[PDB]
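S.K.: So that we are looking at the same thing, I have put the structure below in structure tokens.
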Amino acid sequence: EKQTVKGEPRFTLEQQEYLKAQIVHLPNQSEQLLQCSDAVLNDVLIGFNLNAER
Amino acid sequence: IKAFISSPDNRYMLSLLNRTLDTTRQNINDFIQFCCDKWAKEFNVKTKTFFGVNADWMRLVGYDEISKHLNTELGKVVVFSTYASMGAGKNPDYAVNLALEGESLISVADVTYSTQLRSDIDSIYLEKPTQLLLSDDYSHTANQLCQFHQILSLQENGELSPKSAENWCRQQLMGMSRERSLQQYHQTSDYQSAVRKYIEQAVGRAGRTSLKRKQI
DNA sequence: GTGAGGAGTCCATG
């Protein structure tokens, strides 16, 4: 986010956004499920036709 | 503790130990508190002692209490903890208050430093560590595998003759206690290297600022 | 008595 060369910013905003979209983070299985919200799980369940199963 | 309290111009002391002094040892805690109160009365100082410094206490209350009490009211702080406790919590610093401090705040950096002013520990007590032989607490076979691996590694590197290694393995197979294992381990040259490494790691982790006192 | 002398943690599976 913050970096200067000769007192001048190095990257623009779009370049910063591209750079920040290349790093992932993998926690355990328990925390990943709790990070998801209701909408994401509902959309995934509807898309794959998993809502039928009781 | 008495030697530290005898020193006039000091504020901090963190005595590393190898046991946890909590309500399970409330008697010795009260004995230490009474001695500290008497020694403080002998001089003219006010000293506050912190007990039960553990990972659970750190995650429940927080380390910022010591910093808050350090830069708000004049006094001296003594903290008790173990080696393994200071393994997950880093940066044990605190904000400064030049009004309360004296004149022994000599800067160390040869160039100007930005941001706020912070200091670190100025007195540390070290103790000889205890059991340095690894063990497992998942099942009954894993611990035995670990012990056999350690014995075979020590034999392979060259710190144990075949006779000693074979006798140790035979004794461990037919039932043995921790004391015999540690006694067998203490007669090699890896123990000294392990103790030296632990002491070096402990002394290195203390000190991250440039506001050093006249005496440490 | 005879050796020595204890807290701390990551993740997967019904």
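Going through the structure tokens in order, the chains are called A, B, and so on, while each chain numbers its residues from 1 and the ligands are numbered from 1 in the order shown.
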Wanna dump the chain A-chain C contacts at 10 Å for me, each residue with its shortest atom pair and the distance in Å to one decimal, counting only C-alpha atoms (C1' of nucleotides), ordered by chain and number, as CSV?

M.R.:
residue,atom,partner,partner_atom,distance
A:28,CA,C:11,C1',7.1
A:29,CA,C:11,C1',8.6
A:30,CA,C:11,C1',9.5

S.K.: With only C-alpha atoms (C1' of nucleotides) considered, list every residue of chain B at most 10 Å from chain C, as a ChimeraX atom specification.

M.R.: /B:18-20,54-55,82-85,87-88,130-131,177-184

S.K.: Kindly give the distance, in Å, that separates atom CA of residue B:194 and atom CA of residue B:63, rounded to a single decimal.

M.R.: 29.2 Å

S.K.: Write down as JSON, numbers by chain the residues of chain A whose backbone DSSP state falls under helix (DSSP H, G or I).

M.R.: {"A": [13, 14, 15, 16, 17, 18, 19, 20, 29, 30, 31, 32, 33, 34, 35, 38, 39, 40, 41, 42, 43, 44, 45, 46, 47]}
